[PDB]
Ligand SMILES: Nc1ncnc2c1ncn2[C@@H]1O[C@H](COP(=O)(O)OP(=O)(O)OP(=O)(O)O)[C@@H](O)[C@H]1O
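Encoded as structure tokens, the following chain is the form deposited without this ligand, with no partner shown.
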């Protein structure tokens, strides 16, 4: 009977997802719960999960609502489509946090003229589907390297020539002596809902939060 809302357990979106929910009247205590936190004033459960699992939890109808970045959402949507599946979700609201971009970057010392310079390069990324689609759209051939973390270290480790990296301030690129060369995707946080109809009580509650989110 309780609404299930998935949010990122720790990372970019965590703090502001919890802040948003509170401002919408959802009271809860976030301590170190491994998976679930229970709202103390409303019939709502907060599932604290790895960001990468949120799109799938929505697609699979496991949870009702989720707060997730467009990049993670689209990466996983593309993965599921490529498996021949039909992932679907309701977009409820584009949010005012989670701002970041996914960009091609090169070692500082490289002379870069064009996207054509990425031809035949090995490119390290945590977003292989998003990278793949961009490169196909622009007719550039390359070799993939999928790494879930430490992407920016790939060139120094001689694993890749270049990277496709999620960037906000430029600080981590600077630290790894890399330079942003081409933005391929721009992302923000979004609130989404599972496709299948909620029970009457649950949808009413969703409608109530959506009022205050708009608020």
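Numbering follows the first chain given and starts at 1.
Student: Decide which of the stretches 87-95 and 136-144 has the higher mean C-alpha B-factor, going by the entry.
Tutor: Between 136-144 and 87-95, it is 87-95.
Student: Looking at the deposited entry, does 145-153 or 175-183 carry the larger mean Cα B-factor?
Tutor: For C-alpha atoms only, the mean B-factor is higher in 175-183.
Student: Going by the CA temperature factor in the entry, name the top one among 33, 158, 39, 168.
Tutor: In the PDB entry, the greatest C-alpha B-factor among 33, 158, 39, 168 is found at 168.
Student: Name the third of the chain's ranked CA B-factors that contains residue 210, choosing lowest, middle or highest.
Tutor: It belongs to the highest third of the chain when residues are ordered by C-alpha B-factor.
Student: Mind checking which third residue 125 falls in for C-alpha B-factor across the chain?
Tutor: Lowest third - that is where residue 125 ends up once the chain's C-alpha B-factors are sorted.
Student: Could you look up the Cα B-factor of residue 119 in the entry and say which third of the chain it sits in: lowest, middle or highest?
Tutor: As the PDB entry reports it, the C-alpha B-factor of residue 119 lands in the middle third of its chain.
Student: Sort the modelled residues of this chain by their C-alpha B factor and say whether residue 48 lands in the lowest, middle or highest third.
Tutor: CA B-factor rank for residue 48: lowest third.
Student: For the chain shown, is the CA B-factor of residue 71 in the lowest, middle or highest third of its modelled residues?
Tutor: Residue 71: CA B-factor falls in the lowest third of its chain.
What comes next is about the form solved in complex with this ligand, which does not appear here.
Student: Using a 4.5 Å cut on heavy atoms, which of 42, 167, 160, 47 is close to this ligand in the entry with it bound?
Tutor: Looking at the other structure, the residue within range turns out to be 167.
Student: Please tell me whether any heavy atom belonging to residue 69 falls inside 4.5 Å of a heavy atom of this ligand, as the geometry stands in the entry with it bound.
Tutor: Taking the distances in the entry with it bound, the answer for residue 69 is yes, it comes within 4.5 Å of this ligand.
Student: Taking heavy atoms only, is residue 191 within 4.5 angstroms of this ligand in the entry with it bound?
Tutor: Answer no; every heavy atom of residue 191 is more than 4.5 Å from this ligand in the entry with it bound.
Student: Answer with yes or no whether residue 202 is in contact with this ligand in the entry with it bound, where contact means some heavy atom within 4.5 Å.
Tutor: It does not: once this ligand is placed as it appears in the entry with it bound, residue 202 has no heavy atom within 4.5 Å of it.
Student: Is residue 52 part of the interface with this ligand in the entry with it bound - any heavy atom within 4.5 Å?
Tutor: Heavy-atom contact with this ligand at 4.5 Å: present for residue 52.
Student: On the criterion of a non-hydrogen atom at 4.5 angstroms or closer, are 8, 100 and 127 all touching this ligand in the entry with it bound?
Tutor: Checking in the entry with it bound: 8, 100 and 127 are all within 4.5 Å of this ligand.
Student: Work out which of the listed stretches, 114-122, 75-83, 137-145, 91-99, brings a heavy atom within 4.5 angstroms of this ligand in the entry with it bound.
Tutor: Looking at the partner contacts, the answer comes out as 91-99.
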